[PDB]
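First up is the structure itself, then whatever we jot down about it.
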Amino acid sequence: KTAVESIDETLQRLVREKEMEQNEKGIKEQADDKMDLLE
Amino acid sequence: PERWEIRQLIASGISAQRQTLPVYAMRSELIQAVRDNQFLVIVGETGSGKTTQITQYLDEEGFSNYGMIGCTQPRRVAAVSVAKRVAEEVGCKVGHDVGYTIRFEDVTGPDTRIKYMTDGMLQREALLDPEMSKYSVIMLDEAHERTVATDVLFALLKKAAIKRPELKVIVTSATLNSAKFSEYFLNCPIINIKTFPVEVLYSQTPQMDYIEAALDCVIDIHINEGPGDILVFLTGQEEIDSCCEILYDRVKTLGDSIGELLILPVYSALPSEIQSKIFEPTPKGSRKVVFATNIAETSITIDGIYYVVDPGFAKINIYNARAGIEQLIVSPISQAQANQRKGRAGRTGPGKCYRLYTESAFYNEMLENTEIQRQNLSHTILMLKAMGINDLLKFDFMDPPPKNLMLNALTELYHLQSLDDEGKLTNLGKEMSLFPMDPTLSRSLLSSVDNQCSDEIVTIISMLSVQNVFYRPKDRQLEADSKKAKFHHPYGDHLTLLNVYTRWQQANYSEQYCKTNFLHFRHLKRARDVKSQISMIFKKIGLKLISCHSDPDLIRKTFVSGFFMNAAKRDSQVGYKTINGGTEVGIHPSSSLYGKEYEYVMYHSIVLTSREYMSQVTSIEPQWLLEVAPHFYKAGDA
Amino acid sequence: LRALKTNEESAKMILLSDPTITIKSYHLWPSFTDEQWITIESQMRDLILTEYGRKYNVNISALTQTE
RNA sequence: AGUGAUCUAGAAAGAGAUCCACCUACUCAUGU
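Residue numbers (full-length UniProt numbering), protein chains in the order written: chain A, 128 to 152, 154 to 167; chain B, 294 to 306, 476 to 655, 658 to 834, 837 to 1104; chain C, 2012 to 2078.
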């Protein structure tokens, strides 16, 4: 039914939000590291 | 910046017909309820006969004392037109045994038994008589539209019932869902009553893209479905214009195999003549396609609609009580609205309704009903304190607003001196409650005598109680702006309102000199009748009409003496910047900004669009802020 | 070897922890059994990422190939 | 109806705080 579509859309939006967060959190983590060492 | 460009320039160089309505066939049931119960919910279907019939019902079943019956409508047009019709139905003179009442439009007299008024006007009556003693039954109609004035009347009348056994109260809705309303009025009964049966399509997957999906749905319906007009719903003018140009062009194209298709708009700004074009026939080999806002949800009909779209979005006011700020946000509709939309296909035959979302999202993801959780409460807290309600935070509200927005509203009213610190009505707050305005407008007006310009400030508060006056069509913005300049005042668009009203009252014109000076005649008329009504309240309450000989700085000081809170400094390295909240705004692209004494504005309206804008602005000397509200201009609180 | 390069004598004390487990004459590393190698590898991985967090104040690897 | 007027030029050793212009940039009111 529509519960599968709602759950899959919410899981896709949560996965893309976690991917954007984990892109903000490797390279950019160490960029924040270098900025905190400069502070 | 202006100065630097000048420096570089210098440096360089019939009776039986009404029987037939469905509510007749349950009139017996409708006594037995009315008779047995002090409060009653009735719920219909729009067309079933409730606005007309049920008040008449009540006036045979409940008759002679020195008393009236009110019916209450959220909509001026429904009050007026349904009172005209019900006067004919009785066979009585309009303004006599049946009458209106609307803001600055009363049509009742000492004969009126049956009184069909705006919700806002019954609420003002209840400021002057907190028992509504002059009514023996009060019927709050279209309660599903959950306006501010109906929700405050519902609250009030809850309490008034437990002071007056001889008051009976009838809440009338077009949304079958009464449970919420029964519960809120102490488990009160329900009585549940010509719409044809709408088919309802849903998308299998959430759309992300609802404009282009709505366009393609309307062309699909026009190819494949039999005769019947289409009603799209879309959220604002810019969107609606765009979809009218692109469904007009795509329909011309498919005219190489398909019938003729006439588009129209509809939205809140439209001139009257283009509004009237919505009602045209549906060419001849052919169909029509209204592209409306939510105005076509409830507030009219268009007679031949058989197919509704429904991208389930509208453009709704939202108010944050812990930023302090209203905005105007494209937002998912309520389930009640989605139902109304559907029921516009159904007036004239079976119908279909093509909902650009999932059945799961209708059932489970739209909020039931939409206004008290979407409002600045300042007006509401003035009205409650006039109603004697000393514990605002405890007031019995079927959905209580956030106690922060109530607290912010007392603090505004204290800085407007409507209340004292101890939350008690000053002589201003009394008199302000006598005017049907917001508190900032009312305060401005009141004080205007003591700025020697109460005629001028009466006229500007009348103007600011109506729309924008100035027509600017998307073809002829140069001609419209040329027109507008011949009333403009350089850094004083409030003074521009005074000038165009005075010119409309000039010994030189009416309708066709409105159209040839690109003015809304309907606005200017409405502002003239609200100027007449507000001058009658001024006389009634002893506020002397005053003018001077010609004094713009007096006009400025009066306006500041209401709108003090709504001030916005020029930034001196950046944009414009606001006294309350410390927002970073721009002057609205309607108005140039003479940056040489501009250095403070007073603004009418904050407008949220993708940027922050501030709209209808007039210059102020900041020294005249500090003298006219020293308690709000305390560095100390800053 | 990343554990020896990061913090040398800590990983040497982790190698030279149990005095029973010795090194044969032609071997380099102590002759552990397999669960003993799991314990050694777990302590070395914890040592690497412990001094990596204590050097670069980073929270955790948000991705497996990043780790 | 016009021609014609053409320096330089590299080897050894030693030295020497550099201090300065080649990419443009801004328009929504859902209602009453």
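No residue lacks a Cβ here, since even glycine has one placed at the ideal position from N, Cα and C.
{"Item": "I need the DSSP call for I742/B, collapsed to helix, strand or coil.", "Value": "coil"}
{"Item": "Report yes if the CB atom of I759/B is closer than 7 Å to the CB atom of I722/B, and no otherwise.", "Value": "no"}
{"Item": "Taking 7 Å as the CB-CB limit, is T2077/C close to chain A?", "Value": "yes"}
{"Item": "Assuming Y770/B contacts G813/B under a Cβ cut-off of 8 Å, what Cβ separation, rounded to an integer in Å, is found between them?", "Value": "6 Å"}
{"Item": "So which residues on chain C does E144/A lean against when the C-beta distance must stay under 8 Å?", "Value": "What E144/A touches in chain C: nothing, since even the nearest Cβ is about 13 Å away."}
{"Item": "Identify the continuous beta strand (DSSP E) that holds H1070/B and give its terminal residues.", "Value": "1066 to 1074"}
{"Item": "If you compare alpha carbons, which of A545/B, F953/B, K658/B is closest to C533/B?", "Value": "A545/B"}
{"Item": "For the candidate residues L165/A, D164/A, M163/A, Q158/A, whose alpha-carbon lies nearest to that of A2073/C?", "Value": "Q158/A"}
{"Item": "Which whole runs of the beta strand (DSSP E) in the stretch 490 to 558 of chain B are 3 residues long or more, in chain order?", "Value": "501 to 505, 530 to 535"}
{"Item": "Please report how far the alpha carbon of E837/B lies from the alpha carbon of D680/B, in whole angstroms.", "Value": "34 Å"}
{"Item": "My output table needs one value for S598/B: the three-state DSSP class, helix, strand or coil.", "Value": "strand"}
{"Item": "Does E167/A get closer than 7 Å to chain C when you measure Cβ to Cβ?", "Value": "no"}
{"Item": "Which whole-angstrom value is the C-beta distance of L502/B and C650/B, which I expect to be below 8 Å?", "Value": "6 Å"}
{"Item": "Kindly indicate which residue of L885/B, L520/B, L792/B has the alpha-carbon position closest to the one of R840/B.", "Value": "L792/B"}
{"Item": "Less than 7 Å between the C-beta atoms of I742/B and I766/B, yes or no?", "Value": "yes"}
{"Item": "Mind checking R143/A: buried by the 16 CB within 10 Å criterion, or exposed?", "Value": "exposed"}
{"Item": "Have a look at the DSSP bridge pairing and note the partners of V794/B.", "Value": "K779/B"}
{"Item": "Compare the C-beta of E136/A with all C-beta atoms of chain B and state if any pair is closer than 7 Å.", "Value": "yes"}
{"Item": "With a threshold of 6 Å on Cβ separation, who are the neighbours of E167/A within its own chain once the five nearest residues in sequence on each side are excluded?", "Value": "none"}
{"Item": "Since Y2067/C meets chain A, which of its residues come closer than 7 Å, beta carbon to beta carbon?", "Value": "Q158, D161"}
{"Item": "Mind checking if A2022/C is an interface residue toward chain A, Cβ cutoff 7 Å exclusive?", "Value": "no"}
{"Item": "Step through the CB atoms of chain A and report whether any lies within less than 7 Å of the CB of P670/B.", "Value": "yes"}
{"Item": "Look at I655/B and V599/B and say whether their C-beta atoms are less than 7 Å apart.", "Value": "no"}
{"Item": "Which value, in whole angstroms, describes the spacing of the CA atoms of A478/B and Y486/B?", "Value": "11 Å"}
{"Item": "If you reduce the DSSP assignment to three classes, tell me which class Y2037/C lands in.", "Value": "coil"}
{"Item": "Per DSSP, which one or two residues make a beta bridge with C817/B?", "Value": "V664/B, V772/B"}
{"Item": "Among residues of its own chain, excluding the 5 on either side of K1043/B, which ones have a beta-carbon nearer than 8 Å to its beta-carbon?", "Value": "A1034, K1035, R1036, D1037, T1049, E1050, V1051"}
{"Item": "What is the DSSP secondary structure of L944/B, reduced to helix, strand or coil?", "Value": "helix"}
{"Item": "Report the CB separation of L602/B from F616/B in whole angstroms; it is logged as a contact under 8 Å.", "Value": "6 Å"}
{"Item": "Using 8 Å as the cut-off, can you tell me whether the stretch 917 to 933 of chain B makes contact with the stretch 983 to 998 of chain B, which would need three or more C-beta pairs spanning the two stretches below that distance?", "Value": "yes"}
{"Item": "Threshold first: 3 residues or longer. Then list the beta strand (DSSP E) segments lying entirely within the stretch 993 to 1063 of chain B, N to C.", "Value": "1033 to 1036, 1042 to 1044, 1050 to 1053"}
{"Item": "Can you tell me the Cβ-Cβ gap for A756/B and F660/B, rounded? I've got them flagged as a contact below 8 Å.", "Value": "Their Cβ separation, rounded to whole angstroms, is 20 Å, which puts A756/B and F660/B out of contact at 8 Å."}
{"Item": "Between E523/B and chain A, is there a C-beta pair that is closer than 7 Å?", "Value": "no"}
{"Item": "Could you pull out every residue in the same chain whose Cβ sits closer than 7 Å to the Cβ of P868/B, ignoring the five residues on either side in sequence?", "Value": "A785"}
{"Item": "Tell me the rounded alpha-carbon separation between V560/B and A588/B.", "Value": "20 Å"}
{"Item": "In chain order, what residues of the same chain have a beta carbon less than 7 Å from the beta carbon of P2041/C, not counting five sequence neighbours either side?", "Value": "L2026, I2032, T2033, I2034"}
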